[PDB]
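*Asks:* Encoded as structure tokens, here's the structure I'll be asking about.
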Amino acid sequence: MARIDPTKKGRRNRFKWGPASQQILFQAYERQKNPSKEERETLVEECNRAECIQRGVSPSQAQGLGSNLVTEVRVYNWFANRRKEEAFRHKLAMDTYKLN
């Protein structure tokens, strides 16, 4: 009984970002720090491109990644990590370790 059922989302295991993908995330940070539109929408594409290459998946089906599909909510998540990585510690101010 009880069962494991999805909460919402967070750090899914099957999902990875990826090496090139880290570069992608950083080179979003290069441009824009308040994720407005094109930026992010771009970012998902940019990323999907970089991810599909790791699998030799067709560009016109880069989302075929499937298992590790960089959907919007993932990118939304990472920026919403970064600003929370502030917000937590920004409120506590005694919690440099144990995840700011």
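We label chains A, B, ... in the order they appear in the structure tokens, count residues from 1 in each chain, and number ligands from 1 in the order shown.
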Fewer than 6 positions away in the same chain doesn't count, so skip those; otherwise give me all residues within 10 Å of residue 28 in chain A, counting only C-alpha atoms, as an MDAnalysis selection string.
*Replies:* chainID A and resid 22 35 39:40 42:43 46 79
*Asks:* Since we have the selection now, will you write its residues out, keeping N, CA, C and O atoms, as a compact mmCIF listing (two decimals), in the first residue's frame?
*Replies:*
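Done, and the output landed in part_34.txt:
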# COMPACT_ATOMS: atom_id res chain seq x y z
N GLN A 22 25.64 21.98 -19.96
CA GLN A 22 26.11 22.90 -18.92
C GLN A 22 26.57 24.19 -19.59
O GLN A 22 26.18 25.28 -19.18
N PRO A 35 14.52 35.55 -17.04
CA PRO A 35 14.19 34.77 -18.21
C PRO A 35 12.87 35.27 -18.82
O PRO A 35 11.80 34.97 -18.29
N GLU A 39 15.06 34.18 -25.32
CA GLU A 39 16.07 33.63 -24.43
C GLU A 39 15.83 32.17 -24.04
O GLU A 39 16.62 31.30 -24.37
N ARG A 40 14.76 31.92 -23.29
CA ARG A 40 14.44 30.65 -22.67
C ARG A 40 14.00 29.64 -23.72
O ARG A 40 14.35 28.47 -23.68
N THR A 42 14.47 29.77 -27.02
CA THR A 42 15.80 29.54 -27.54
C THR A 42 16.52 28.50 -26.69
O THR A 42 16.95 27.48 -27.22
N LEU A 43 16.68 28.73 -25.39
CA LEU A 43 17.50 27.90 -24.53
C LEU A 43 17.10 26.44 -24.66
O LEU A 43 17.94 25.56 -24.82
N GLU A 46 18.40 25.39 -28.28
CA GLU A 46 19.85 25.35 -28.12
C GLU A 46 20.25 24.06 -27.40
O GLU A 46 21.09 23.28 -27.87
N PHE A 79 16.70 27.77 -13.80
CA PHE A 79 16.71 29.17 -13.40
C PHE A 79 16.04 29.32 -12.03
O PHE A 79 16.55 30.00 -11.14
*Asks:* Env of residue 41 in chain A: 8 Å cut, atoms = only C-alpha atoms, seq-sep filter 4 positions within chain, self excluded. Answer as a list in words.
*Replies:*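 The residues satisfying every condition are residues 37, 45 and 72 of chain A.
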*Asks:* Now that the selection is made, can you save its residues with C-alpha atoms as a PDB file, in the first residue's frame?
*Replies:*
ATOM      1  CA  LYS A  37      10.851  35.068 -23.524  1.00  0.00           C
ATOM      2  CA  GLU A  45      16.075  24.604 -28.522  1.00  0.00           C
ATOM      3  CA  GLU A  72      10.500  23.855 -20.860  1.00  0.00           C
TER       4      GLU A  72
END
*Asks:* State, in Å with one decimal place, the distance from CA of residue 15 in chain A to CA of residue 49 in chain A.
*Replies:*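 According to the coordinates, CA of residue 15 in chain A and CA of residue 49 in chain A are separated by 15.8 Å.
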*Asks:* As number ranges by chain, which residues of chain A does DSSP assign to alpha helix (DSSP H)?
*Replies:* A: 19-29, 38-55, 72-92
*Asks:* Which residues are close to residue 82 in chain A, i.e. within 12 Å by only C-alpha atoms, leaving aside same-chain residues fewer than 5 positions away? Reply as a list in words.
*Replies:*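 Listed by chain and then number, they are residues 25, 26, 29, 33, 34, 35, 75, 76, 77, 87, 88, 89, 99 and 100 of chain A.
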*Asks:* With distances taken over only C-alpha atoms, which residue among A:96, A:74, A:47, A:65 lies nearest residue 27 in chain A?
*Replies:*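 Closest to residue 27 in chain A of all the choices is A:47.
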*Asks:* Do a neighbour search on residue 16 in chain A at 12 Å with only C-alpha atoms, toss out local chain neighbours closer than 5 positions, and write the hits as a PyMOL selection string.
*Replies:* chain A and resi 10-11+21-22+47-48+51+54+65-71+74-75+78
*Asks:* Would you save the residues of that selection, restricted to N, CA and C atoms, as a PDB file, in the first residue's frame?
*Replies:*
ATOM      1  N   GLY A  10      11.288  17.417  -9.625  1.00  0.00           N
ATOM      2  CA  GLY A  10      12.488  18.097  -9.223  1.00  0.00           C
ATOM      3  C   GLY A  10      13.621  17.441  -9.992  1.00  0.00           C
ATOM      4  N   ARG A  11      14.435  16.697  -9.264  1.00  0.00           N
ATOM      5  CA  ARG A  11      15.727  16.232  -9.725  1.00  0.00           C
ATOM      6  C   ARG A  11      15.568  14.824 -10.293  1.00  0.00           C
ATOM      7  N   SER A  21      25.267  20.822 -22.595  1.00  0.00           N
ATOM      8  CA  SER A  21      24.158  21.386 -21.874  1.00  0.00           C
ATOM      9  C   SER A  21      24.598  22.321 -20.735  1.00  0.00           C
ATOM     10  N   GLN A  22      25.638  21.979 -19.959  1.00  0.00           N
ATOM     11  CA  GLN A  22      26.108  22.899 -18.921  1.00  0.00           C
ATOM     12  C   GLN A  22      26.573  24.192 -19.588  1.00  0.00           C
ATOM     13  N   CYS A  47      19.599  23.813 -26.265  1.00  0.00           N
ATOM     14  CA  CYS A  47      19.898  22.652 -25.446  1.00  0.00           C
ATOM     15  C   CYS A  47      19.545  21.366 -26.174  1.00  0.00           C
ATOM     16  N   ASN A  48      18.316  21.271 -26.683  1.00  0.00           N
ATOM     17  CA  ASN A  48      17.818  20.094 -27.388  1.00  0.00           C
ATOM     18  C   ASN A  48      18.754  19.751 -28.540  1.00  0.00           C
ATOM     19  N   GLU A  51      21.809  18.274 -27.036  1.00  0.00           N
ATOM     20  CA  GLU A  51      21.504  17.008 -26.401  1.00  0.00           C
ATOM     21  C   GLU A  51      21.347  15.945 -27.490  1.00  0.00           C
ATOM     22  N   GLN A  54      24.425  14.386 -28.821  1.00  0.00           N
ATOM     23  CA  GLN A  54      24.960  13.331 -27.964  1.00  0.00           C
ATOM     24  C   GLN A  54      24.338  11.967 -28.284  1.00  0.00           C
ATOM     25  N   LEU A  65      15.040  12.713 -27.876  1.00  0.00           N
ATOM     26  CA  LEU A  65      15.687  12.564 -26.573  1.00  0.00           C
ATOM     27  C   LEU A  65      14.840  11.821 -25.546  1.00  0.00           C
ATOM     28  N   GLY A  66      13.547  12.151 -25.480  1.00  0.00           N
ATOM     29  CA  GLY A  66      12.518  11.386 -24.791  1.00  0.00           C
ATOM     30  C   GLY A  66      12.851  11.138 -23.324  1.00  0.00           C
ATOM     31  N   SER A  67      13.611  10.072 -23.060  1.00  0.00           N
ATOM     32  CA  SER A  67      14.140   9.685 -21.775  1.00  0.00           C
ATOM     33  C   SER A  67      14.597  10.919 -21.001  1.00  0.00           C
ATOM     34  N   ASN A  68      15.478  11.697 -21.631  1.00  0.00           N
ATOM     35  CA  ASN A  68      16.087  12.889 -21.068  1.00  0.00           C
ATOM     36  C   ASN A  68      15.663  14.132 -21.843  1.00  0.00           C
ATOM     37  N   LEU A  69      14.398  14.189 -22.271  1.00  0.00           N
ATOM     38  CA  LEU A  69      13.908  15.352 -22.996  1.00  0.00           C
ATOM     39  C   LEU A  69      13.932  16.598 -22.113  1.00  0.00           C
ATOM     40  N   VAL A  70      14.763  17.554 -22.510  1.00  0.00           N
ATOM     41  CA  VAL A  70      14.742  18.920 -22.031  1.00  0.00           C
ATOM     42  C   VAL A  70      13.431  19.550 -22.495  1.00  0.00           C
ATOM     43  N   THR A  71      12.410  19.428 -21.659  1.00  0.00           N
ATOM     44  CA  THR A  71      11.187  20.191 -21.800  1.00  0.00           C
ATOM     45  C   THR A  71      11.362  21.536 -21.087  1.00  0.00           C
ATOM     46  N   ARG A  74      12.015  21.928 -17.339  1.00  0.00           N
ATOM     47  CA  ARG A  74      13.382  21.685 -16.911  1.00  0.00           C
ATOM     48  C   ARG A  74      14.146  23.004 -16.858  1.00  0.00           C
ATOM     49  N   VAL A  75      14.116  23.780 -17.937  1.00  0.00           N
ATOM     50  CA  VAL A  75      14.865  25.024 -17.986  1.00  0.00           C
ATOM     51  C   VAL A  75      14.287  25.997 -16.955  1.00  0.00           C
ATOM     52  N   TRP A  78      15.809  25.007 -13.737  1.00  0.00           N
ATOM     53  CA  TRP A  78      17.193  25.371 -13.425  1.00  0.00           C
ATOM     54  C   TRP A  78      17.302  26.854 -13.040  1.00  0.00           C
TER      55      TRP A  78
END
*Asks:* How many Å separate CA of residue 14 in chain A from CA of residue 53 in chain A?
*Replies:*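 According to the coordinates, CA of residue 14 in chain A and CA of residue 53 in chain A are separated by 17.8 Å.
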*Asks:* Report the distance between CA of residue 30 in chain A and CA of residue 83 in chain A in Å, rounded to one decimal place.
*Replies:*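 Interatomic distance, CA of residue 30 in chain A to CA of residue 83 in chain A: 15.5 Å.
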